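Enquirer: partial complex here, more coming in a sec:
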Amino acid sequence: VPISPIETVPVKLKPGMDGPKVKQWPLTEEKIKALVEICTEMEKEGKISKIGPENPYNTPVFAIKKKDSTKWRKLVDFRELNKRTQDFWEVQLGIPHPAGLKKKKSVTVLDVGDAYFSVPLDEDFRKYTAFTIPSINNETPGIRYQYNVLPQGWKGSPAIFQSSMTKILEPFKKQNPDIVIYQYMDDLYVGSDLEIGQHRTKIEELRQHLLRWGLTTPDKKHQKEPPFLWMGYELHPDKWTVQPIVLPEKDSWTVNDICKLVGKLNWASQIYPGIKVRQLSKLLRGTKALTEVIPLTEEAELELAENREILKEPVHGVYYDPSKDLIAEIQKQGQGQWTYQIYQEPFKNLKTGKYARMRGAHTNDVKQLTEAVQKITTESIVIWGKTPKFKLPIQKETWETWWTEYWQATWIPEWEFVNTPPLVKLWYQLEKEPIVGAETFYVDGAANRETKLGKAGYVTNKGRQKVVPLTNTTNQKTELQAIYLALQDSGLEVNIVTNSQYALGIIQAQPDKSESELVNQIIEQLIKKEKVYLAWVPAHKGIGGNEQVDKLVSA
């Protein structure tokens, strides 16, 4: 076997584990023909070699159909080899996005043929890549081969290729510095601001520099005319858009078809704005089976019909202009949902997206808005390497009042206000000093860990009082219930004194939504009030009316 012009990568098994010795699958006769046709051809080019009984290893093998071609693809079930192979550190830190591309005078795209089959494998490793090809007869001993290159199906093959590819492109990139080469696996986006005459010169220079190392650039896959097809997009000299997206239209929906739908909805959310998957993902919660049929809810059928109408009209993105600033703007779509658009010129979207993660039981729009900005800021630095300027539906004074008082550290980058309802605002403000002329409520709750019963009430400075029996409760539920009562039976200004740390904390974080029903009722009574002041005291210390009520709700 001849020597490959590319450097090899040393690979070891994990210390203390031998190669795989697993039985071969039974194969259909249509795939056995497709395999031996590819097995014998790759043996001629020096890509696989026969082995005798000196190779005690074995691994399964199969084949699937390639997309839009009569040729078959060969894959290896290395599930037992990959377990005992050494760990690798991948180099593909993310997927490139067309919004980060800069306007280039000349563009060229090409894809090399049989990428993994043009890069060699380490020598000392090929013994563990043993497999059997079952003949058409179950009695024929079968032809045992072993791989010589990167097997499609091995966990180290993609990592080895991308590193070997970058090492071969460095001498071309070092001699051609102003040639932007987006390198993703085998596909090469090549752009330059040189004149279209000198462009094709560097094209063949690279097509000959790649050929020197065993990399063929077929003229079948060569692309010199726009629109280019790159990473599942269409690249025009001024605009770009995703390749068409096809959604299933099943009459009887299963759980798998929702995930196939939800997954494609998230992929479309990068340029198609306003996509919502709140109610469609509400179908997947607590579901037991993957093929279980699920009837579409009324709120889910509406969400699907809206997304279908959005996919009807054509949308397109633009490219990144490093001269003008980056802009991102968010909107409050639904309760727990957000959508944003990034652009440089108005209505010329670079990309869109959505944030809808619910963190914690108790939250407010200002908490969620901050969480969305961070999701956008990280996303932008990935693609453009900078932080965009933000247009937020929150008043400047509304944000100022929040972060100055909040006990956590929180901050938002350079932003400006935009008057697009619904505006994020704090629905209520706890006073900082007690209110003169307001009734003072000393509340406490208590419950029994076994009986799940308890009381919750209050005493006031005006002689008012109440205690309520409670069922199926905990000590924490009572202490909140004691506050809910004080808010119900008070005027428009009320001072409340509790000895529950758990209750005071949740309320001071000014939540406007919650998973617990009792919290939502407490929030509702707080918005009706004009002035509310809370305070904390240590229980069982004989304090004001706190002891009197600690003994009233004691049982």
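Expert: Received, thanks. Residues are numbered from 1 along each chain as shown, chains lettered A, B, ... in the order given.
Enquirer: check contacts around residue A:182.
Expert: If you count contacts by Cβ atoms under 8 Å, 6 or more residues apart in numbering, residue A:182 has them with A:96, A:101, A:188, A:189, A:191. Every residue, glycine included, has its C-beta placed from N, CA and C.
Enquirer: pick the one among those closest to residue A:547.
Expert: Out of the contacts of residue A:182, the one with the shortest distance to residue A:547 is residue A:96. That distance is 66.6 Å, counting by Cβ to Cβ.
Enquirer: of the contacts of residue A:182, closest to residue A:178?
Expert: Distance to residue A:178, by Cβ to Cβ, is smallest for residue A:191 among these, at 9.9 Å.
Enquirer: leaving out sequence neighbours, find the closest residue to that closest one.
Expert: Nearest-residue entry for residue A:191: residue A:104, 3.3 Å, with adjacent residues in sequence omitted and distances by Cβ to Cβ, 6 or more residues apart in numbering.
Enquirer: show me what contacts the one you found?
Expert: A:180, A:191, A:192, A:193.
Enquirer: right, and the pair among those residues with maximum separation?
Expert: Farthest-apart pair in these is A:180 and A:193; separation 9.1 Å (Cβ to Cβ).
Enquirer: neighbour count for those two, which is higher?
Expert: residue A:180 (16 against 13; other Cβ atoms under 10 Å).
Enquirer: and the residue nearest to that one when sequence neighbours are not counted, how many neighbours?
Expert: Taking Cβ to Cβ, 6+ apart as the measure, residue A:180 lies nearest to residue A:191, with 4.7 Å between them; neighbours along the chain are not counted. For residue A:191, the neighbour count with other Cβ under 10 Å is 21.
Enquirer: do residue A:497 as well
Expert: For residue A:497, the count of nearby residues is 23 (other Cβ under 10 Å).
Enquirer: how close does residue A:410 get to residue A:401?
Expert: Distance, residue A:410 to residue A:401, by Cβ to Cβ, to the nearest Å: 12 Å.
Enquirer: between those two, which one's more packed in?
Expert: Higher neighbour count among residue A:410 and residue A:401: residue A:401, with 16 against 13, using other Cβ under 10 Å.
Enquirer: A helix includes residue A:385, no?
Expert: No. Per DSSP: H, G, I helix; E, B strand; the rest coil, residue A:385 lies outside any helix segment and is coil.
Enquirer: one more chain, chain B:
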Amino acid sequence: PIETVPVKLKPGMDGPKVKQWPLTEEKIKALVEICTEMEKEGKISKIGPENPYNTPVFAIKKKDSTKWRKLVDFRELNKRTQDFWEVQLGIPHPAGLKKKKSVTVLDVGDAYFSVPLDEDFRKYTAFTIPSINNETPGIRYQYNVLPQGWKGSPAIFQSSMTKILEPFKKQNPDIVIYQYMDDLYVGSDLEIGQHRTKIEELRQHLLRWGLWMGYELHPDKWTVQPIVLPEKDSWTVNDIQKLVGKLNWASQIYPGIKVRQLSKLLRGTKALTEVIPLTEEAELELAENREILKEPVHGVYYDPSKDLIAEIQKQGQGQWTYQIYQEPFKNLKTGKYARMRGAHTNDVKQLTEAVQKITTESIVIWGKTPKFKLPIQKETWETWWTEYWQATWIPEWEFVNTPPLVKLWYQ
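Expert: Okay, here's chain B dropped in alongside the others:
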């Protein structure tokens, strides 16, 4: 042509496996240049995906410094080689450094590139440079000399360092010199003028051996923030209630705190704003508790084996309090920072500045770096913290969310 000091990981431990976080444009260009230069000077060399170990990398600018400085987050590596730089080749801590009138810090990380690293240990120094929009896969490197930011670097270089400092420590025996990571802490009681002169004497004393910085400290001017009680002339029910809760929360630190007489003033179910006169027995319980808060805690003392832990409280209006302890309620040092950079406009910049100011005091006083309990969400911190870092070291931290109890540290 220098022999390599052989090092090994702590037994039963694999190398660090931390992903590289996304970086801005100005940082990636600052790394590509420095790595191209360091590769040309043989300090680093490119590697491949066969190395399963990796470590984050990013760049900074020190205070009032234009040049970019490469920095590596070797925290996960230093946790996995801790037996080397504490048992075999440990650096003593001068107890008199904290008592000096002025101390200056010097970036001496340039000298570590003169010593080669152990070959079997270069596998665990791998890092990856990201590209904007993932134009190219990860450009990887590994260190061929002593890396900046490691813990084993000042331990291997300690023998060569002492011989460089002896001609200066002999001429100036009254000057304290401490080496922590890529920084050299020099403390003297000289006047501020001739202090800066001896610094340049050492800057040239180090340049002739193959090495520049300058940051001034004043450890004698470091104060502690005691627990204070409000001195009012008229108290309401709410004032006394807040006072008791504060005095009760402090009673865990000072065991001699009592609230018996004050709780008797809160006998009736009185309105909060109602003014309550202070009884004769209560006015004395208030005065006695004020003096106990002046006294230092009984039984508090630093333990070299225990880890340092520090908490930070955001007090609003640019105010920040902090405490350093090893055991609960046994605080080694309290304090308060005010009017830092980013005051009244950026919390994260202030919190980053506070972590640096606190960590610096930890190196001067104990020679250790504390693990931080930070009042910020994990996602809010891991996004913005690198944008305001100005130090060559990085402490460990964790994220908390304790709502305000009763203001125990700030009035």
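Enquirer: and the contacts of residue A:182, now that chain B is in?
Expert: A:96, A:101, A:188, A:189, A:191, B:133, B:135, B:136 (Cβ atoms under 8 Å, 6 or more residues apart in numbering or on different chains).
Enquirer: which one is it nearest to, not counting chain neighbours?
Expert: residue A:189 (3.8 Å; Cβ to Cβ, 6 or more residues apart in numbering or on different chains).
Enquirer: next: residue A:281.
Expert: Nearest residue to residue A:281 in three dimensions, chain neighbours excluded: residue A:262, at 6.0 Å (Cβ to Cβ, 6+ apart).
Enquirer: list the contacts of the nearest residue to residue A:81 once chain neighbours are set aside.
Expert: The shortest distance from residue A:81 to any residue other than its chain neighbours is 4.6 Å, reached at residue A:20 (Cβ to Cβ, 6+ apart). Applying Cβ under 8 Å, 6+ apart, we find residue A:20 in contact with A:57, A:58, A:59, A:78, A:80, A:81, A:84, A:128, A:130.
Enquirer: re earlier: list the contacts for the residue nearest to residue A:182?
Expert: So residue A:189 contacts A:101, A:107, A:109, A:180, A:181, A:182, A:228, A:230 (Cβ under 8 Å, 6+ apart).
Enquirer: so what are the domain limits for the chain?
Expert: Unless you meant another one, I'm taking chain A. A:1-91+A:117-157, A:92-116+A:158-226, A:227-320, A:321-427, A:428-555 (curated CATH domains).
Enquirer: actually chain B
Expert: Using curated CATH domains, the domain ranges for chain B come out as B:6-95+B:121-161, B:96-120+B:162-216, B:217-302, B:303-411.
Enquirer: could you work out the most separated pair of the contacts of residue A:182?
Expert: Taking Cβ to Cβ, no two of those sit farther apart than A:188 and B:133, at 15.1 Å.
Enquirer: in chain B, which spans are strands?
Expert: For chain B, the strands identified by DSSP state E occupy B:44-46, B:57-60, B:69-72, B:102-107, B:127-129, B:139-143, B:176-180, B:183-188, B:215-217, B:309-316, B:319-327, B:330-338, B:371-374, B:397-399, in order along the chain.
Enquirer: for my notes, please list those in JSON lines and give mean neighbour count and distance to chain A for each entry.
Expert: Listed next are those as JSON lines, based on neighbours: other Cβ atoms under 10 Å in any protein chain shown; distance: least, Cβ to the nearest Cβ, whole Å:
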{"stretch": "strand B:44-46", "mean neighbour count": "17", "distance to chain A": "8"}
{"stretch": "strand B:57-60", "mean neighbour count": "20", "distance to chain A": "12"}
{"stretch": "strand B:69-72", "mean neighbour count": "20", "distance to chain A": "16"}
{"stretch": "strand B:102-107", "mean neighbour count": "21", "distance to chain A": "26"}
{"stretch": "strand B:127-129", "mean neighbour count": "22", "distance to chain A": "7"}
{"stretch": "strand B:139-143", "mean neighbour count": "21", "distance to chain A": "7"}
{"stretch": "strand B:176-180", "mean neighbour count": "19", "distance to chain A": "27"}
{"stretch": "strand B:183-188", "mean neighbour count": "22", "distance to chain A": "26"}
{"stretch": "strand B:215-217", "mean neighbour count": "17", "distance to chain A": "25"}
{"stretch": "strand B:309-316", "mean neighbour count": "20", "distance to chain A": "6"}
{"stretch": "strand B:319-327", "mean neighbour count": "20", "distance to chain A": "10"}
{"stretch": "strand B:330-338", "mean neighbour count": "17", "distance to chain A": "13"}
{"stretch": "strand B:371-374", "mean neighbour count": "18", "distance to chain A": "7"}
{"stretch": "strand B:397-399", "mean neighbour count": "15", "distance to chain A": "9"}
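Enquirer: and DNA strand C on top of that:
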DNA sequence: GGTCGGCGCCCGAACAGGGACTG
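Expert: Let me add DNA strand C to what's already shown:
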């Protein structure tokens, strides 16, 4: 078909750490 790797989303289950009350 039931291969690898990367990144993204959504879910539930498992993990974990602090606060009140109890033998």
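Enquirer: take the neighbour count of residue A:497 again, DNA strand C included.
Expert: The number of residues packed near residue A:497 is 28, by other Cβ atoms under 10 Å in any protein chain shown.
Enquirer: ok, it touching residue A:546?
Expert: Yes. In this structure, residue A:497 sits in contact with residue A:546. The criterion is Cβ atoms under 8 Å, and the distance is 6.5 Å.
Enquirer: okay, and the common contacts of the two?
Expert: Contact criterion Cβ under 8 Å, 6+ apart; residues shared by residue A:497 and residue A:546: A:442, A:537.
Enquirer: can you tell me which residues contact the residue of the stretch 1-150 of chain A found nearest DNA strand C?
Expert: Among the residues of the stretch 1-150 of chain A, residue A:62 lies nearest to DNA strand C; the distance is 3.3 Å by Cβ to the nearest atom of the strand. With contacts taken as Cβ under 8 Å, 6+ apart, residue A:62 has the following neighbours: A:25, A:27, A:31, A:75, A:77.
Enquirer: and it, how far is that from chain B?
Expert: 26 Å (Cβ to the nearest Cβ, to the nearest Å).
Enquirer: that residue looks like it's in a strand, true?
Expert: Yes. Residue A:62 sits within a strand when classified using three-state DSSP.
Enquirer: element containing the residue in the stretch 201-350 of chain A that chain B sits nearest to, please.
Expert: Closest to chain B within the stretch 201-350 of chain A is residue A:320: 8.6 Å, counting by Cβ to the nearest Cβ. Element membership of residue A:320 [criterion: DSSP states H and E] is none; it lies in no helix or strand.
Enquirer: distance of it from residue A:328?
Expert: Residue A:320 is 13 Å from residue A:328, where distance means Cβ to Cβ.
Enquirer: compare those two (neighbour count), which wins?
Expert: Legend: neighbour count by other Cβ under 10 Å for residue A:320 and residue A:328, higher for residue A:328 (25 against 22).
Enquirer: what's that one in contact with, if anything?
Expert: Residue A:328 is in contact with A:340, A:341, A:342, A:343, A:376, A:380, A:388, A:389, A:390, A:391, counting by Cβ under 8 Å, 6+ apart.
Enquirer: same deal with residue A:523?
Expert: If you count contacts by Cβ under 8 Å, 6+ apart, residue A:523 has them with A:427, A:428, A:511, A:512, A:513, A:514.
Enquirer: ramachandran coordinates for the third one?
Expert: According to degrees, to the nearest 10, the main-chain angles of residue A:511 amount to phi -80, psi 140.
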